[PDB]
């Protein structure tokens, strides 16, 4: 199976990144023999493209689970942000950008922008309902929140604990007011 190659591949890029890992290593961790890679996939690069589309699609599914719900924009947003506390991928991919192909880098870039855009739509609905009581423009707040969390996550990784991200949830409560 082809999903078992993708899945085994996904767990390796989580640990090792995309560039640094060769086509050899992906074959052993999945068990599957070496001739069989090119049955399922045209190349390392078409494989990468397919992981990321799958990562992106699965991400939009989690999002919909999380935000097609009976609660208020603010709660949806806090729900989502809380899930960061329990993407080290954006870091690894940002850490390797020079070596990413354009096609892959553009996928990720489009993904992130759809993400920020949807956070903003939810800030707007929020401000509309009256659950988010700040006046700052959605497209701006979305970005501040998102950038804050990527930075908190970088420092959590580095520090080997989550105090940055716990501060980031506290600070969000203040900004939504």
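Numbering follows the first chain given and starts at 1.
Exercise for the section: Might you work out how many residues are unmodelled in the deposited sequence between residue 86 and residue 87, and answer none, 1 to 3, 4 to 9, or 10 or more? Expected result: Unmodelled stretch: 10 or more residues.
Item to complete: Pick between 68-76 and 97-105: the one whose mean CA B-factor in the entry is higher.
Response: Higher mean C-alpha B-factor: 97-105.
Comparing 35-43 with 110-118, which stretch shows the greater average C-alpha B-factor in the deposited entry? Here the higher of the two C-alpha B-factor means belongs to 35-43.
Taking the values straight from the PDB record, which of 13, 169, 163, 154 has the highest C-alpha temperature factor?
Of the options given, 13 has the highest CA B-factor in the PDB entry.
* **Identity of residue with top Cα B-factor, from 56, 142, 150, 26** => That would be 26, according to the entry.
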